[PDB]
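K.L.:
here is the sequence, then the experimental structure:
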Amino acid sequence: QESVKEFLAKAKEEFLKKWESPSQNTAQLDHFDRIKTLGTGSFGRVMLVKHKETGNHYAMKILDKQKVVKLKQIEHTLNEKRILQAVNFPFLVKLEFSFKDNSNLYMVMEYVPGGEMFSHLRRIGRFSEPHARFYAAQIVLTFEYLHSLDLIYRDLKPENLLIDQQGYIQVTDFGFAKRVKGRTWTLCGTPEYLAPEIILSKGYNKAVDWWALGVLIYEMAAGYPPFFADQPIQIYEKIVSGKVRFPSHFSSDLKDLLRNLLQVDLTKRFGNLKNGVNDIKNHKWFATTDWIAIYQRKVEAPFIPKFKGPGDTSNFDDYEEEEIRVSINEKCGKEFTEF
Ligand SMILES: c1cc(-c2nnc([C@H]3CCNC3)o2)ccn1
Ligand SMILES: c1cc(-c2nnc([C@H]3CCNC3)o2)ccn1
């Protein structure tokens, strides 16, 4: 494990150098052509763009500054960009450029054309245990990396996991990620994936990412999440009870892993014990996993998405196409000085 200790020590050195001196203002809007909207939200959207001089394709996340302020997301938005420009790991989407103008904030990422894990899971129904285990091992390594840097991710769900041209995962959307030594308190995340200590308004820590990994593995292997209900208040009641029913087709090793990740007592939850991530890596359900081979991307993927080239949008869906307007006057300049 010395080689793992020294890898993580080097990873932290390189993150901290970029964290302390973040890059800013590395492109501008009229360097790109707009192609298609890939997703939309409360204060921002993600567009496929093409760089006019190089011809490269990118995914550009665009946030309306005035709406960020109104939804009280200033701190979270600054978190997202400062973390994304500082990290480097095989299963994290790469931030290529960032900039701002009178109206908007922009984060320009590599474009991953295979689509969201959500689409593929819902089309096929459920993943076999080896298929789920291939994806789960990538998230285990990514959380080991993020947590060693004192980062909590806080938005694990199938919609945020993109599948690349080799069938591996690229994690996207750091809107709720935060550097945290100790506890933190914000209510955020999707209802089906929230740990009990978030719902109960406690000070919580990185163990909430390991709870969310339990939810994700269950959903990949069953086809639906463990605390499913029609409205959030009913979901929250099932989460805090912790009663979980497992389908009969689950293996005994899978049920045992999930009982330890979906542990309502955070001081007993796998990932948060004295042996840290190794209680997960050494569990019987991962016995066939070569952790080094996954990191080096040398395992053949269970599934390669169908797409025609780096500009193909066929694995994403259709949204109304709205203008990208930039006001003649600067909005919210002070609030976003550091961006
Ligand atoms: C303190 C507060 C926050 C924060 N961010 N959004 C919120 C929500 C409260 C109102 N709706 C959004 O609170 C972050 C860090 N410290
Ligand atoms: C393609 C897409 C993206 C991307 N970034 N954030 C998102 C969110 C949009 C909806 N759920 C995820 O998608 C990055 C690279 N290629």
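P.N.:
Received the coordinates, thanks. Numbering: from 1, shown residues only. Ligands and ions are numbered 1, 2, ... in the order given.

K.L.:
switch to C-alpha atoms for all contacts and neighbour counts from now on
P.N.:
OK.

K.L.:
where do the strands sit along the stretch 51-200 of the chain?
P.N.:
57-64, 95-100, 104-110, 151-152, 161-163, 169-171, 178-179 (DSSP state E, counting those that start in this stretch).

K.L.:
quick one: the longest one to chain centroid distance?
P.N.:
With CA atoms, centre = their mean, to the nearest Å as the basis, the distance from the averaged C-alpha position of strand 57-64 to the chain average is 16 Å.

K.L.:
and what of the fourth one?
P.N.:
Shown here is strand 151-152, whose average C-alpha point lies 11 Å from the average C-alpha point of the whole chain (CA atoms, centre = their mean).

K.L.:
name the strands paired with it and say parallel or antiparallel.
P.N.:
Strand 151-152 has its sheet partners listed here by DSSP bridges as strand 178-179 (antiparallel).

K.L.:
can you tell me what sits against the partner strand?
P.N.:
76, 79, 80, 83, 149, 150, 151, 152, 153 (CA atoms under 8 Å, 6 or more residues apart in numbering).

K.L.:
pick out the most distant pair among those.
P.N.:
76 and 149 (17.6 Å; CA to CA).

K.L.:
could I get the strands of the stretch 51-200 of the chain as a markdown table with distance to residue 47 and mean neighbour count?
P.N.:
As requested, the strands of the stretch 51-200 of the chain are arranged in a markdown table below (distance: least, CA to CA, whole Å; neighbours: other CA atoms under 10 Å):
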| stretch | distance to residue 47 | mean neighbour count |
| --- | --- | --- |
| strand 57-64 | 5 | 22 |
| strand 95-100 | 14 | 19 |
| strand 104-110 | 9 | 21 |
| strand 151-152 | 26 | 21 |
| strand 161-163 | 15 | 24 |
| strand 169-171 | 17 | 24 |
| strand 178-179 | 24 | 18 |
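
K.L.:
nearest to residue 206, of these?
P.N.:
Comparing the strands of the stretch 51-200 of the chain by their distance to residue 206 (CA to CA), the top pick is strand 151-152, with 5.5 Å.

K.L.:
report whether the closest one contacts ligand 1.
P.N.:
No - judged by CA under 6 Å from any ligand atom, strand 151-152 stays clear of ligand 1, getting no closer than 13.5 Å.

K.L.:
list the residues that contact residue 110.
P.N.:
57, 58, 59, 93, 94, 95, 96.

K.L.:
what about 7 Å?
P.N.:
If you count contacts by CA atoms under 7 Å, 6 or more residues apart in numbering, residue 110 has them with 58, 59, 93, 94, 95, 96.

K.L.:
show me the contacts for residue 8.
P.N.:
Under the criterion of CA under 7 Å, 6+ apart, the contact partners of residue 8 comprise residue 148.

K.L.:
that one falls within a strand, correct?
P.N.:
No - under the criterion used here (DSSP: H, G, I helix; E, B strand; the rest coil), residue 8 is helix, not part of a strand.

K.L.:
burial count for residue 199?
P.N.:
Other residues near residue 199 come to 16 when the count uses other CA atoms under 10 Å.

K.L.:
and it, how far is that from residue 136?
P.N.:
With distances taken as CA to CA, to the nearest Å, residue 199 is found 24 Å from residue 136.

K.L.:
could you find the closest non-adjacent residue to residue 87?
P.N.:
Distances taken as CA to CA, 6 or more residues apart in numbering put residue 15 closest to residue 87, at 5.8 Å, once the chain neighbours are dropped.

K.L.:
make sure the one you found is actually in contact with residue 85.
P.N.:
No - Residue 15 sits out of contact with residue 85 when judged by CA atoms under 7 Å, with a separation of 9.0 Å.

K.L.:
and the two? Which one has more around it.
P.N.:
Counting neighbours by other CA under 10 Å for residue 15 and for residue 85 shows that residue 85 has the greater number, 20 against 16.
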